[PDB]
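Take a look at the structure below.
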Amino acid sequence: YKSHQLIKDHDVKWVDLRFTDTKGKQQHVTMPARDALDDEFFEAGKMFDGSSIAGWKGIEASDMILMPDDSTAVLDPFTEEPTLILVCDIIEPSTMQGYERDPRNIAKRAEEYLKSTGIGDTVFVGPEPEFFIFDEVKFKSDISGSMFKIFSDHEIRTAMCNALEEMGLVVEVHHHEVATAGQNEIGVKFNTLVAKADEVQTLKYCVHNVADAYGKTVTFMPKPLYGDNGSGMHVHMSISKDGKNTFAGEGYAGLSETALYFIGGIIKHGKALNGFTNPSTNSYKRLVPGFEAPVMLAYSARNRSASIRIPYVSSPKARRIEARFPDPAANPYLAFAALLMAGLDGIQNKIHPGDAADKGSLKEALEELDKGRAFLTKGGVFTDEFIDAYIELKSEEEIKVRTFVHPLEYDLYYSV
Amino acid sequence: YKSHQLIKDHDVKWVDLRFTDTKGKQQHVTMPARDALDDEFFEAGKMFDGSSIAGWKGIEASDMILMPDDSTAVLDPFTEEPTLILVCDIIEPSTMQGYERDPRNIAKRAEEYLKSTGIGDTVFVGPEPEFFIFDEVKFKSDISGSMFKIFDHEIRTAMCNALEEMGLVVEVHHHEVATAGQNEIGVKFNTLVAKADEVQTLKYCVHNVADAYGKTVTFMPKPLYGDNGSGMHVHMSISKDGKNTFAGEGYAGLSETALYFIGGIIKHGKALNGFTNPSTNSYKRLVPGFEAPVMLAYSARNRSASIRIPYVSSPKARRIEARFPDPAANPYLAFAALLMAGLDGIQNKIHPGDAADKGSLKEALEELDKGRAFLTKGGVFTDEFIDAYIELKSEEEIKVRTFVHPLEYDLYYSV
Amino acid sequence: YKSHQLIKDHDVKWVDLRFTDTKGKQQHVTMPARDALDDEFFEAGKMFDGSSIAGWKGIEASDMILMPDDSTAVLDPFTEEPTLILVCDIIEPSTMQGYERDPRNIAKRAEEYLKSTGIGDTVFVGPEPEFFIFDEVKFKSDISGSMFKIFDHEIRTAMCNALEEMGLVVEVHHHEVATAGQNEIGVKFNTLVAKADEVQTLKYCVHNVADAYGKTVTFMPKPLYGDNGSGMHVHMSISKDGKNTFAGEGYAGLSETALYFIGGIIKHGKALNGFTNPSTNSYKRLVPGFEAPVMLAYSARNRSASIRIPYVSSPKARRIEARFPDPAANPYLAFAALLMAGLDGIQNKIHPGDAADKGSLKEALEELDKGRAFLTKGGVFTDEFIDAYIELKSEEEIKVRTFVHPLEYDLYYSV
């Protein structure tokens with residue numbers, strides 16, 4: 001196991017286990033390093049009680065065990081004292097199986113389903129999340145009024161890149177001022193589904209910590225400012241079978257019929273996917289015309305308004321599909337799994353996407369998903385027991401947002 | 001003796017002797033280390049006068065001797081000068097036995113009673129205390145008005161370091177699992193008396209470190225109205241010659257002995273609140289709508305039950321979990337009362353019934369007054385001590401019930 | 001109708017209709033006097049919607065009418081414009097009868113029942129309320145804390161003048177009898193319903209005058225911990241055809257009818273607390289060592305008895321004094337309950353026993369729940385009304401009980 005070498009070499013004192021909840025926050029728990037030396041730590045896990053977490057309320061979650069994944073062990077740079085970071089999974093103490101409501105388990109099941117189907121052997125995915133940097137921000141809500149206010153450089157970007165390197169990510173490019181003041185994006189090398197999903201969390205954590213250390217503030221929300229561009233997360237994806245780029249082929253822009261069926265499935269299930277790729281009321285402020293955001297539910301190689309793009313590449317080895325609509329708020333595991341299952345359904349049904357294009361709301365998306373749930377449960381990757389609770393959470397948030405009264409209403413109607 | 005060795009190694013100057021009173025506060029005294037070098041110190045104790053203490057008022061307390069327990073000797077981390085720390089018991093100068101009103105003596109007598117009964121050889125118990133951390137707190141009471149007002153790996157790791165230095169075995173450090181400012185620290189379980197001493201030391205260490213960092217820390221069962229309270233789950237089991245007597249076959253692998261234990265605890269539960277929840281604040285926590293238990297029953301899955309059986313990998317780890325106790329309870333007395341209720345259940349083979357599936361301080365005191373029968377069983381408790389304890393606890397109930405509160409002004413001032 | 005002549009004499013502009021809710025607060029509405037001139041105003045009342053009021057949340061209360069009582073017409077002293085004040089009763093539009101939950105209707109029904117039973121003819125009642133005067137008061141309750149703080153002939157004469165102008169008959173004015181800030185004004189006795197209305201008018205007058213002079217006045221039973229509370233002594237008597245039926249030969253010159261009345265009151269005292277002490281604050285007053293009574297007995301000299309026989313110079317003035325009630329009680333319901341208890345005592349000839357010589361709101365409510373019998377007797381009270389009242393008071397008690405108070409911080413914060 002990899003953890004033993006690090007512990008012995010750097011006399012680590014504390015071990016920090018981490019895991020993502022349903023909403024996407026990375027909860028963590030600390031313990032001394034004494035009990036991590038024996039292999040029993042990796043052979044039996046540690047006791048845990050997750051009943052208090054939002055998506056896991058119920059009797060079932062009253063007793064659980066955390067199982068570390070030694071593949072992800074690293075050392076913490078920020079802590080003044082040596083500390084070993086590990087990711088973990090949730091295992092049901094009764095059945096020794098991955099918990100139904102665990103997004104990481106769902107992603108692993110999706111990978112296993114693809115492997116069993118045999119259409120390909122692995123899947124490569126790379127996201128491109130943007131973010132915003134500000135000097136100060138305030139917000140408050142109360143039964144007597146609501147307010148939000150915003151107050152607004154190689155050094156900070158270099159520090160961010162250094163921190164990411166020290167984590168162990170392969171940075172490729174850093175952008176700034178590309179579209180509007182305060183917006184930034186850091187490129188990173190692609191990877192397999194689960195590993196990339198894990199890496200996104202580390203990216204967010206390190207960005208937040210560095211921005212705080214420098215006295216600024218950083219936000220990933222889809223649209224913080226009304227009159228400016230939104231923050232997107234494009235997703236590049238491809239499937240590999242024994243080293244062959246299954247998508248690479250002869251046709252429109254060199255896509256194979258397999259890739260075209262993938263696109264067709266994505267198009268067919270696009271409306272339902274918004275429940276996972278845009279799980280916030282803010283997303284649909286971004287998704288509007290007159291801006292860089294995509295509008296038409298179509299695929300293209302040149303049209304900027306299409307939601308699916310075929311990037312140009314020098315070699316067939318690099319042929320990939322690009323989805324534009326997702327947002328940083330989306331949970332990585334669930335978003336990637338939903339996209340993969342939609343594509344696989346399209347491939348299996350050989351749904352022709354049609355001619356290449358040339359020349360909503362959260363409530364609506366949830367309603368569409370509730371009835372379109374058929375394909376997600378295919379193969380036992382997703383389950384209705386989980387989909388229902390997810391829908392309840394998002395519906396509660398939507399109701400809360402919708403019922404409130406907003407300041408613009410006073411301007412529009414107070415005098416009438 | 002361990003103390004001789006420690007003093008010789010670290011040229012200690014001062015010795016601190018500590019003991020818990022009836023209310024649950026660690027009183028202590030200090031001496032120069034020069035006198036402790038004589039074995040006569042451990043063979044004869046030191047003169048003491050405890051008549052001033054709340055629960056010991058009377059003729060007897062005017063003359064007592066403190067007997068140190070060398071097994072607990074440790075070194076103080078905080079004191080600038082080297083200091084030794086020891087726990088002590090209270091012995092009557094007339095007849096060399098523990099004073100009737102000493103909770104540690106009561107716990108030791110409970111252990112002896114279990115050993116003599118022979119149902120088992122030893123008992124293992126592990127509590128899970130919980131606490132809140134705040135930045136600033138104010139409160140005041142007077143005839144003219146009353147007021148109260150309330151206002152991060154580094155600090156948690158500092159607490160863990162302090163506990164390790166004092167000699168405990170930390171296992172995990174939770175953080176804001178349920179609500180902001182709530183924390184808990186797991187610790188390796190042990191026997192009854194040792195675990196009680198460990199709980200005392202844990203409280204002392206947490207308070208000292210939180211003060212040193214400029215914060216404040218409290219163990220009150222429910223400091224805030226709108227948030228969850230602070231409980232203390234208690235896991236326990238009985239061992240006989242290395243055999244987990246509770247381990248067996250049946251519901252969740254429980255033995256009939258364990259089931260009778262549950263039945264006894266269920267029967268005597270109402271009386272136990274006088275020891276496990278000895279504060280008016282406890283019954284603010286014990287209400288519906290929160291994580292606190294509500295129904296007096298046992299179940300392995302239903303979290304609303306007051307007794308639970310956590311899953312374990314091996315029968316060797318079979319234990320029983322009680323939910324209702326609170327941090328305010330005196331460790332010695334609470335553990336002794338729970339053990340006695342379980343032992344009575346076993347003795348009378350009281351069947352607990354089907355597993356569940358799908359009050360006030362004055363009331364608790366009244367119930368205890370009538371249910372005192374089992375506690376005095378075997379002579380571990382005495383009616384004299386029970387009466388003194390009930391009388392002492394009555395004052396706080398009366399004072400709280402008779403005082404006027406600000407909410408009343410809001411509700412009735414304009415009427 | 002007296003309203004016509006009053007309006008013609010003083011060119012009144014507005015008429016203010018007033019009524020009382022279940023909790024005892026006086027709600028009111030206003031309208032132009034132009035409308036009230038025609039008799040149809042008195043014949044048909046005016047449409048009203050009481051659905052929002054606490055005790056009348058039932059669906060039926062969504063459509064009601066107000067019947068003004070010409071007997072209560074008066075002119076408002078305070079208003080700059082001429083204003084005419086009237087009291088009103090709640091009538092069910094469908095049945096043209098008094099609404100089941102109107103305290104004034106309940107009192108009228110009790111009077112009618114007494115008259116029909118033939119035991120007597122009329123009841124004379126004199127209450128003796130008290131109040132406290134302060135310079136300033138502040139109070140606040142929030143998730144983050146709680147707080148409450150408290151900080152001569154002119155004013156007393158002004159209050160007397162205001163009462164006289166509104167038409168009451170002042171008798172005596174006591175100030176600082178035993179403690180600073182406590183005052184009482186005596187007023188002539190009268191019949192039940194009229195006296196009940198007079199009490200509301202007196203409260204309104206006192207509040208308005210205190211506000212005008214810039215101080216604050218409260219009727220709450222117990223505002224300060226270390227000082228005597230405020231209570232309502234109720235003198236009561238029954239007259240039949242001009243004869244004081246209570247006068248007679250016996251202990252302190254009472255008749256057997258009066259003795260049976262007292263016996264009934266003593267027997268049903270526990271249930272009466274639900275109406276004579278409907279506030280948690282009252283049970284802070286009801287404690288030993290202060291002005292409040294303790295023993296549930298009757299005596300002519302023992303001050304601790306809850307029932308007293310005042311010494312009088314003539315049989316005509318023979319009366320019974322009840323000491324336990326408090327100002328927070330709703331006058332209509334309190335008087336009706338006392339009358340019903342006394343009537344039951346007389347009807348069952350319950351002997352009170354020898355004269356004495358030489359709880360909580362929860363308990364009171366649960367006891368009233370069982371004591372429905374003697375109240376529902378005669379049909380004056382209704383089980384639906386009793387259930388709604390108990391629901392309101394229980395909700396209030398729960399709110400008060402399930403809360404944290406500053407005294408708890410001083411007691412248990414470090415524990």
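Starting from 1 in every chain, residues are counted up; chains themselves are A, B, ... following the order of the structure tokens, and ligands are numbered from 1 as listed.
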Mind listing as an mmCIF file with C-alpha atoms, in the first residue's frame which residues of chain B are within 7 Å of chain C, counting only C-alpha atoms?
data_model
loop_
_atom_site.group_PDB
_atom_site.id
_atom_site.type_symbol
_atom_site.label_atom_id
_atom_site.label_comp_id
_atom_site.auth_asym_id
_atom_site.auth_seq_id
_atom_site.Cartn_x
_atom_site.Cartn_y
_atom_site.Cartn_z
ATOM 1 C CA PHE B 139 -24.996 36.099 31.619
ATOM 2 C CA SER B 141 -29.254 37.497 37.124
ATOM 3 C CA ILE B 143 -33.866 41.120 41.207
ATOM 4 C CA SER B 144 -33.983 43.916 38.615
ATOM 5 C CA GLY B 145 -33.524 41.670 35.575
ATOM 6 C CA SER B 146 -31.713 38.809 33.913
ATOM 7 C CA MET B 147 -29.741 38.402 30.699
ATOM 8 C CA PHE B 148 -27.755 35.871 28.706
ATOM 9 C CA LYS B 149 -26.040 36.384 25.362
ATOM 10 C CA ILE B 150 -23.858 34.271 23.067
ATOM 11 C CA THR B 218 -19.345 24.177 27.518
ATOM 12 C CA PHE B 219 -20.807 20.730 28.184
ATOM 13 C CA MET B 220 -24.368 21.877 28.885
ATOM 14 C CA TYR B 225 -32.890 26.621 21.846
ATOM 15 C CA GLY B 226 -32.958 26.119 18.082
ATOM 16 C CA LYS B 284 -35.022 20.643 27.472
ATOM 17 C CA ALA B 328 -23.964 16.743 33.095
ATOM 18 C CA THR B 402 -39.999 29.775 41.326
ATOM 19 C CA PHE B 403 -37.968 32.336 39.363
ATOM 20 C CA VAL B 404 -39.479 34.673 36.757
ATOM 21 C CA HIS B 405 -38.257 34.543 33.171
ATOM 22 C CA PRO B 406 -38.092 37.117 30.351
ATOM 23 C CA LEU B 407 -40.407 35.132 28.067
ATOM 24 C CA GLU B 408 -43.134 35.740 30.648
ATOM 25 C CA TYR B 409 -42.759 39.496 30.154
ATOM 26 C CA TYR B 412 -48.149 38.568 29.736
ATOM 27 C CA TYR B 413 -46.833 42.099 30.346
ATOM 28 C CA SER B 414 -49.485 43.658 28.093
ATOM 29 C CA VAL B 415 -52.222 41.553 29.722
#
Using the chain letters and numbers from this document, which residues of region 191-308 of chain C does DSSP assign to helix (DSSP H, G or I), as a compact mmCIF listing (two decimals) with N, CA, C and O atoms, in the first residue's frame?
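Result file is states_22.txt:
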# COMPACT_ATOMS: atom_id res chain seq x y z
N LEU C 192 -73.01 40.99 37.81
CA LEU C 192 -71.89 40.25 37.23
C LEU C 192 -71.43 40.87 35.91
O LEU C 192 -70.29 41.32 35.79
N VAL C 193 -72.31 40.90 34.91
CA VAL C 193 -71.91 41.33 33.57
C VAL C 193 -71.46 42.78 33.59
O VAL C 193 -70.44 43.15 32.97
N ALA C 194 -72.21 43.64 34.27
CA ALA C 194 -71.84 45.05 34.33
C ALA C 194 -70.48 45.23 34.98
O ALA C 194 -69.66 46.02 34.50
N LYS C 195 -70.22 44.50 36.06
CA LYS C 195 -68.92 44.59 36.71
C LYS C 195 -67.81 44.10 35.79
O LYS C 195 -66.71 44.67 35.76
N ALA C 196 -68.07 43.03 35.04
CA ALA C 196 -67.08 42.54 34.09
C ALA C 196 -66.72 43.62 33.08
O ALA C 196 -65.54 43.84 32.79
N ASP C 197 -67.72 44.30 32.53
CA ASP C 197 -67.44 45.39 31.59
C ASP C 197 -66.68 46.52 32.27
O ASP C 197 -65.76 47.11 31.69
N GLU C 198 -67.07 46.85 33.51
CA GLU C 198 -66.40 47.92 34.23
C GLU C 198 -64.93 47.62 34.43
O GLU C 198 -64.09 48.53 34.42
N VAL C 199 -64.58 46.35 34.63
CA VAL C 199 -63.18 45.98 34.81
C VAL C 199 -62.38 46.31 33.55
O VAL C 199 -61.28 46.87 33.62
N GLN C 200 -62.92 45.95 32.38
CA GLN C 200 -62.24 46.27 31.13
C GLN C 200 -62.07 47.77 30.97
O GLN C 200 -61.00 48.26 30.59
N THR C 201 -63.13 48.53 31.28
CA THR C 201 -63.02 49.98 31.18
C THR C 201 -61.95 50.52 32.12
O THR C 201 -61.19 51.42 31.74
N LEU C 202 -61.87 49.99 33.34
CA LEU C 202 -60.86 50.45 34.29
C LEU C 202 -59.46 50.18 33.77
O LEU C 202 -58.57 51.04 33.86
N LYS C 203 -59.23 48.98 33.22
CA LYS C 203 -57.92 48.67 32.67
C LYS C 203 -57.56 49.63 31.55
O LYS C 203 -56.43 50.15 31.49
N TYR C 204 -58.51 49.89 30.66
CA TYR C 204 -58.26 50.80 29.54
C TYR C 204 -57.89 52.19 30.06
O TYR C 204 -56.92 52.80 29.60
N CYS C 205 -58.66 52.69 31.03
CA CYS C 205 -58.39 54.00 31.59
C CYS C 205 -57.00 54.08 32.20
O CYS C 205 -56.26 55.04 31.96
N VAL C 206 -56.63 53.08 33.00
CA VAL C 206 -55.34 53.12 33.69
C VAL C 206 -54.21 53.11 32.67
O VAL C 206 -53.25 53.89 32.77
N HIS C 207 -54.30 52.22 31.67
CA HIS C 207 -53.26 52.17 30.66
C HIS C 207 -53.12 53.50 29.94
O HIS C 207 -52.01 54.01 29.77
N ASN C 208 -54.24 54.09 29.53
CA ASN C 208 -54.17 55.34 28.78
C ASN C 208 -53.57 56.46 29.62
O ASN C 208 -52.74 57.23 29.13
N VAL C 209 -53.98 56.57 30.88
CA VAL C 209 -53.47 57.66 31.71
C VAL C 209 -51.98 57.48 31.97
O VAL C 209 -51.21 58.45 31.93
N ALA C 210 -51.55 56.25 32.26
CA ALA C 210 -50.13 56.01 32.48
C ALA C 210 -49.32 56.35 31.23
O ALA C 210 -48.26 56.98 31.32
N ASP C 211 -49.82 55.96 30.05
CA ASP C 211 -49.13 56.31 28.82
C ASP C 211 -49.06 57.82 28.64
O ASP C 211 -48.02 58.35 28.24
N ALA C 212 -50.15 58.52 28.94
CA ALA C 212 -50.15 59.97 28.80
C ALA C 212 -49.11 60.62 29.70
O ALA C 212 -48.42 61.55 29.28
N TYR C 213 -48.98 60.14 30.94
CA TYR C 213 -47.99 60.70 31.85
C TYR C 213 -46.59 60.13 31.64
O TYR C 213 -45.66 60.56 32.31
N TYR C 251 -71.56 29.91 62.17
CA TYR C 251 -70.19 30.41 62.17
C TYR C 251 -70.12 31.74 61.43
O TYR C 251 -70.46 31.81 60.24
N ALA C 252 -69.68 32.78 62.13
CA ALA C 252 -69.59 34.13 61.56
C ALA C 252 -70.90 34.57 60.93
O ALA C 252 -70.90 35.42 60.02
N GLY C 253 -72.02 34.02 61.38
CA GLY C 253 -73.32 34.45 60.90
C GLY C 253 -73.59 34.15 59.44
O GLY C 253 -74.19 34.97 58.75
N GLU C 256 -76.81 28.14 55.99
CA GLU C 256 -76.44 26.84 55.44
C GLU C 256 -76.23 26.93 53.93
O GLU C 256 -75.39 26.21 53.38
N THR C 257 -76.99 27.79 53.25
CA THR C 257 -76.78 28.00 51.83
C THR C 257 -75.37 28.51 51.56
O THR C 257 -74.67 28.01 50.67
N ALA C 258 -74.93 29.50 52.33
CA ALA C 258 -73.57 30.02 52.17
C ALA C 258 -72.53 28.95 52.49
O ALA C 258 -71.50 28.85 51.81
N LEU C 259 -72.78 28.15 53.53
CA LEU C 259 -71.83 27.10 53.88
C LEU C 259 -71.70 26.07 52.76
O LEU C 259 -70.60 25.62 52.45
N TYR C 260 -72.82 25.69 52.15
CA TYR C 260 -72.77 24.76 51.03
C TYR C 260 -72.08 25.39 49.82
O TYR C 260 -71.35 24.71 49.10
N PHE C 261 -72.32 26.68 49.58
CA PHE C 261 -71.59 27.40 48.54
C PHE C 261 -70.09 27.28 48.76
O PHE C 261 -69.33 26.93 47.84
N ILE C 262 -69.65 27.55 49.99
CA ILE C 262 -68.22 27.48 50.31
C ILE C 262 -67.70 26.06 50.13
O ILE C 262 -66.59 25.85 49.65
N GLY C 263 -68.49 25.07 50.55
CA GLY C 263 -68.07 23.69 50.39
C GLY C 263 -67.87 23.32 48.93
O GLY C 263 -66.91 22.65 48.57
N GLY C 264 -68.80 23.76 48.07
CA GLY C 264 -68.64 23.50 46.65
C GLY C 264 -67.40 24.17 46.08
O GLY C 264 -66.66 23.57 45.30
N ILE C 265 -67.15 25.42 46.48
CA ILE C 265 -65.95 26.11 46.02
C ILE C 265 -64.70 25.34 46.46
O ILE C 265 -63.76 25.15 45.68
N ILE C 266 -64.69 24.89 47.71
CA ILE C 266 -63.53 24.16 48.22
C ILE C 266 -63.33 22.87 47.43
O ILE C 266 -62.20 22.53 47.06
N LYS C 267 -64.41 22.14 47.17
CA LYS C 267 -64.28 20.87 46.47
C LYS C 267 -63.77 21.08 45.05
O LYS C 267 -62.92 20.32 44.58
N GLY C 269 -62.12 23.69 43.82
CA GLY C 269 -61.07 24.68 43.69
C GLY C 269 -59.99 24.30 42.69
O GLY C 269 -59.53 25.13 41.91
N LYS C 270 -59.58 23.03 42.70
CA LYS C 270 -58.48 22.60 41.84
C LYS C 270 -58.79 22.88 40.37
O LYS C 270 -57.92 23.36 39.63
N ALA C 271 -60.01 22.59 39.94
CA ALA C 271 -60.38 22.82 38.54
C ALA C 271 -60.48 24.31 38.24
O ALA C 271 -60.16 24.75 37.13
N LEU C 272 -60.94 25.11 39.21
CA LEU C 272 -61.13 26.53 38.97
C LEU C 272 -59.84 27.24 38.62
O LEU C 272 -59.88 28.29 37.96
N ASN C 273 -58.69 26.71 39.03
CA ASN C 273 -57.42 27.36 38.72
C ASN C 273 -57.25 27.55 37.22
O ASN C 273 -56.57 28.49 36.78
N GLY C 274 -57.85 26.67 36.41
CA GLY C 274 -57.75 26.80 34.97
C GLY C 274 -58.31 28.11 34.45
O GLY C 274 -57.94 28.54 33.35
N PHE C 275 -59.20 28.75 35.20
CA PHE C 275 -59.79 30.02 34.81
C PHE C 275 -59.40 31.18 35.70
O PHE C 275 -59.31 32.31 35.22
N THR C 276 -59.16 30.93 36.99
CA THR C 276 -58.77 32.00 37.90
C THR C 276 -57.27 32.25 37.92
O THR C 276 -56.83 33.22 38.54
N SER C 282 -48.79 33.25 37.39
CA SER C 282 -49.59 33.22 38.61
C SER C 282 -49.05 32.21 39.61
O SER C 282 -49.10 32.43 40.83
N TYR C 283 -48.54 31.08 39.12
CA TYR C 283 -48.03 30.06 40.03
C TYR C 283 -46.69 30.44 40.63
O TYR C 283 -46.25 29.77 41.58
N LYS C 284 -46.03 31.48 40.12
CA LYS C 284 -44.93 32.08 40.85
C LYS C 284 -45.41 32.90 42.03
O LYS C 284 -44.78 32.88 43.09
N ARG C 285 -46.52 33.63 41.88
CA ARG C 285 -47.14 34.32 43.01
C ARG C 285 -47.62 33.33 44.06
O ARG C 285 -47.43 33.55 45.26
Exercise for the section: Among the residues of region 155-306 of chain C, find those DSSP assigns to strand (DSSP E or B) from the backbone and print them as a count of residues only. Expected result: 35
Exercise for the section: Mind giving me the straight-line distance from CA of residue 341 (chain C) to CA of residue 375 (chain C) in Å, one decimal? Expected result: 7.5 Å
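The shortest atom-to-atom distance to residue 1 (chain A), with only C-alpha atoms taken into account, belongs to A:42 out of A:14, A:276, A:132, A:42.
Closest approach to chain A among B:120, B:77, B:186, B:98 is made by B:186 (distances from only C-alpha atoms).
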Problem - Minimum-distance residue to residue 67 (chain B), chosen among B:392, B:85, B:44, B:305 (using only C-alpha atoms) - result: B:44
Problem - Interface list for chain B, partner chain A, 9 Å threshold, only C-alpha atoms, as an MDAnalysis selection string - result: chainID B and resid 153:154 157 160 170:175 177:178 291 301:303 310:313
Practice task
Would you mind listing what lies within 10 Å of region 70-72 of chain A as a ChimeraX atom specification, with only C-alpha atoms counted and same-chain residues fewer than 6 positions away left out?
Solution key: /A:1-4,42,85-88,195,198-199
Since we have the selection now, will you write its residues out, keeping N, CA and C atoms, as a compact mmCIF listing (two decimals), in the first residue's frame?
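Listing of again.txt after writing:
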# COMPACT_ATOMS: atom_id res chain seq x y z
N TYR A 1 0.83 -1.20 0.00
CA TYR A 1 0.00 0.00 0.00
C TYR A 1 0.86 1.25 0.00
N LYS A 2 0.38 2.29 -0.69
CA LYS A 2 1.18 3.50 -0.89
C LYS A 2 1.30 4.32 0.39
N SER A 3 0.29 4.24 1.26
CA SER A 3 0.26 5.11 2.43
C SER A 3 1.39 4.79 3.40
N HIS A 4 1.75 3.51 3.51
CA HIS A 4 2.78 3.12 4.48
C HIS A 4 4.09 3.83 4.20
N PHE A 42 -7.14 -0.91 6.22
CA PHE A 42 -7.57 -1.03 4.83
C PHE A 42 -8.38 -2.29 4.57
N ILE A 85 -3.72 12.78 3.42
CA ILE A 85 -5.07 12.91 2.88
C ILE A 85 -5.41 11.65 2.10
N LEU A 86 -6.61 11.11 2.35
CA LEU A 86 -7.13 9.96 1.63
C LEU A 86 -8.60 10.18 1.29
N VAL A 87 -9.02 9.67 0.14
CA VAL A 87 -10.43 9.61 -0.21
C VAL A 87 -11.00 8.28 0.27
N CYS A 88 -12.31 8.24 0.51
CA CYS A 88 -12.95 7.04 1.03
C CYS A 88 -14.29 6.81 0.36
N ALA A 195 -11.18 9.04 -11.58
CA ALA A 195 -10.00 9.80 -11.18
C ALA A 195 -10.19 11.29 -11.46
N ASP A 198 -12.47 12.80 -8.94
CA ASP A 198 -11.74 13.06 -7.70
C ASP A 198 -10.87 14.31 -7.83
N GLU A 199 -10.21 14.48 -8.98
CA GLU A 199 -9.29 15.59 -9.14
C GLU A 199 -10.00 16.94 -9.14
Exercise for the section: Would you mind reading off the distance between CA of residue 237 (chain C) and CA of residue 318 (chain C), one decimal, in Å? Expected result: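 Spanning CA of residue 237 (chain C) to CA of residue 318 (chain C) is a straight-line distance of 7.2 Å.
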Residues near region 214-218 of chain A, cut-off 6 Å, only C-alpha atoms, skip fewer than 4 positions along chain, as an mmCIF file with N, CA and C atoms, in the first residue's frame:
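Result went into around_12.cif, see below:
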data_model
loop_
_atom_site.group_PDB
_atom_site.id
_atom_site.type_symbol
_atom_site.label_atom_id
_atom_site.label_comp_id
_atom_site.auth_asym_id
_atom_site.auth_seq_id
_atom_site.Cartn_x
_atom_site.Cartn_y
_atom_site.Cartn_z
ATOM 1 N N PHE A 132 -14.619 32.896 -10.833
ATOM 2 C CA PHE A 132 -14.503 34.339 -10.677
ATOM 3 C C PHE A 132 -13.747 34.676 -9.400
ATOM 4 N N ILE A 133 -12.997 35.776 -9.443
ATOM 5 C CA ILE A 133 -12.231 36.278 -8.307
ATOM 6 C C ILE A 133 -12.683 37.701 -8.014
ATOM 7 N N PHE A 134 -12.968 37.980 -6.743
ATOM 8 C CA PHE A 134 -13.389 39.296 -6.291
ATOM 9 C C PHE A 134 -12.591 39.694 -5.056
ATOM 10 N N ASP A 135 -12.713 40.970 -4.692
ATOM 11 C CA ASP A 135 -12.038 41.512 -3.521
ATOM 12 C C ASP A 135 -12.876 41.351 -2.258
#
Exercise for the section: Please provide the set of residues having any atom within 9 Å of residue 377 (chain B), restricted to only C-alpha atoms, with same-chain residues fewer than 4 positions apart removed, written as a list in words. Expected result: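 Close residues of residue 377 (chain B): residues 340, 344, 372, 373, 381 and 382 of chain B.
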Practice task
Name all residues at most 9 Å from residue 260 (chain A) (count only C-alpha atoms; drop same-chain ones fewer than 5 positions away) and give them as a list in words.
Solution key: residues 247, 255, 265, 346, 347, 350, 351, 352, 353 and 354 of chain A
For those residues, write C-alpha atoms to a file as a PDB file, in the first residue's frame.
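And here is the file that came out, selection-v2.pdb:
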ATOM      1  CA  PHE A 247     -15.073   7.480 -31.986  1.00  0.00           C
ATOM      2  CA  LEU A 255     -16.704  10.754 -36.592  1.00  0.00           C
ATOM      3  CA  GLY A 265     -28.573   9.664 -27.518  1.00  0.00           C
ATOM      4  CA  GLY A 346     -27.938   6.184 -27.850  1.00  0.00           C
ATOM      5  CA  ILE A 347     -25.289   3.779 -29.131  1.00  0.00           C
ATOM      6  CA  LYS A 350     -28.448   3.330 -32.918  1.00  0.00           C
ATOM      7  CA  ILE A 351     -30.387   6.593 -32.719  1.00  0.00           C
ATOM      8  CA  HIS A 352     -29.366   8.686 -35.718  1.00  0.00           C
ATOM      9  CA  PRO A 353     -28.696  12.282 -34.571  1.00  0.00           C
ATOM     10  CA  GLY A 354     -29.712  13.810 -37.903  1.00  0.00           C
TER      11      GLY A 354
END
